[PDB]
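One letter stands for each residue in the lines below.
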Amino acid sequence: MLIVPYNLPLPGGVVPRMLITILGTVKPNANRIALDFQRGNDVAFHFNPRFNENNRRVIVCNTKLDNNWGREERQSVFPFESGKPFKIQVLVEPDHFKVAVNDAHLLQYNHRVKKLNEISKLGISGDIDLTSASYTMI
Ligand SMILES: O=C1N[C@H](C(=O)O)CC2=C1S[C@H]1[C@@H](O2)O[C@H](CO)[C@H](O)[C@@H]1O[C@@H]1O[C@H](CO)[C@H](O)[C@H](O)[C@H]1O
Ligand SMILES: [Cl-]
């Protein structure tokens, strides 16, 4: 397994048609997963499955600018399950990140950070066994 937290450099940032694929397995009794697409200290796109927020499962997405979190975007469709293997695909499109889990579209997140070519790292963290993390241009 890859060591979590894991840093995947994104050379020259992201760009439309870049597809990022994360494969792993959720731990038993997991609490959280997080993908952090970072522009230096800023987080352009935070994708944060929460397994037990007041006994509900929710995916929180947000952006962190100058150490301040913005307005969350929340999705109640929750495809992850403790103990089970998953695939996350993040396709960069002109206006948003488009996320599919296990080959099913999940959500889109509009670009708040405009300098896509400066979003040059992806941090992967949380309660997973991480199998692989990679990108390709489609
Ligand atoms: O510790 C905290 N200090 C804040 C204070 O002291 O003002 C208040 C606050 C928490 S926790 C939790 C919860 O209240 O509700 C908030 C929205 O109302 C957030 O959901 C927040 O969680 C944070 O959300 C971020 C994404 O927005 C990241 O995921 C981050 O990792 C995570 O810590
Ligand atoms: Cl920007």
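Residues numbered from 1 in each chain as written, not as in the entry; some residues may be left out. Chains lettered and ligands numbered in written order. Heavy atoms only, no water.

To continue, consider unusual backbone geometry. The step from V4 to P5 runs through a cis peptide bond, and the omega angle for that step is 0°. As for its position among the elements, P5 is in the segment before strand 1 (6-9). Phi is positive for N67, close to 75°, though the residue is something other than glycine. On the secondary structure map, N67 appears in the loop between strand 5 (56-65) and strand 6 (68-69). (Helix = DSSP H or I, 4+ residues; strand = E, 2+ residues; numbered from the N terminus.)

Okay, the UniProt feature "binding site: a beta-D-galactoside" in the protein chain next. Under the UniProt annotation, "binding site: a beta-D-galactoside" lies at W69, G70, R71, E72, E73, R74 and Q75. Looking at where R71 falls in the secondary structure, it is placed in the loop between strand 6 and strand 7 (73-75). Not counting residues within four places of it along the chain, the set of residues in contact with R71 comprises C61, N62 and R112. Structurally, the position occupied by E72 is in the loop between strand 6 and strand 7. Within polar-contact distance, the side chain of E72 engages the side chain of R74 at 2.9 Å. (UniProt positions renumbered as here; feature names shortened; annotations may be inferred. Contact = heavy atoms within 4.5 Å. Polar contact = N/O pair within 3.5 Å; in protein donor to acceptor, adjacent residues only side chain to side chain.)

This brings us to the packing of aromatic side chains. As enumerated under the stated definition, the model contains 9 aromatic pairs in all. Here the aromatic rings of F45 and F47 are separated by 6.3 Å at their centres, their planes lie at 65°, and the arrangement is edge-to-face. Taking the relative accessible area as the measure of exposure, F45 reaches 0% and is therefore buried. Taking the relative accessible area as the measure of exposure, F47 reaches 0% and is therefore buried. An aromatic cluster is present here, built from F37, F45, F47, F51, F78, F80, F86, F97 and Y109 joined pairwise through their rings. (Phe/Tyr/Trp six-rings, centres within 6.5 Å; stacked < 30°, edge-to-face > 60°. Buried < 20%, exposed > 50% of the residue type's maximum accessible area, 1.4 Å probe, protein only.)

Let us look at the pairing of strand 5. Of all 10 residues in strand 5, 7 are buried; the element is thus mostly enclosed. Taking the residues that link successive antiparallel strands as the turn, the strand 4 (residues 42-53)-strand 5 hairpin has 2 residues, and the phi of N54 there is positive, at about 55°. Where strand 5 meets strand 7, 3 bridges bridge the pair, whose relative direction is antiparallel. Looking at strand 7, one finds that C61 is bridged to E73. When strand 5 meets strand 6, the two strands line up antiparallel, connected through 2 bridges. Bridge assignment links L65 to a residue of strand 6, and that residue is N68. A loop of 2 residues connects strand 5 with strand 6, the two strands running antiparallel in sequence, and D66 in this loop sits at a positive phi of about 50°. (Pairing = 2+ DSSP bridges.)

Contacts to ligand 1 come from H46, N48, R50, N62, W69, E72 and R74. Between an oxygen atom of ligand 1 and a side-chain N or O atom of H46, the distance comes to 2.8 Å. Taking 630 Å² as the accessible area of ligand 1 by itself, protein coverage stands at 35%. The element contributing the most residues to the shell around ligand 1 is strand 4, with 3 residues. Split into classes, the residues belonging to the shell around ligand 1 amount to 1 nonpolar, 3 polar and 3 charged. (Near = heavy atom within 4 Å. Areas by Shrake-Rupley, 256 points an atom, 1.4 Å probe, with all protein chains shown as cover. Nonpolar A, V, L, I, M, F, W, Y, C, P; charged D, E, K, R; others polar.)

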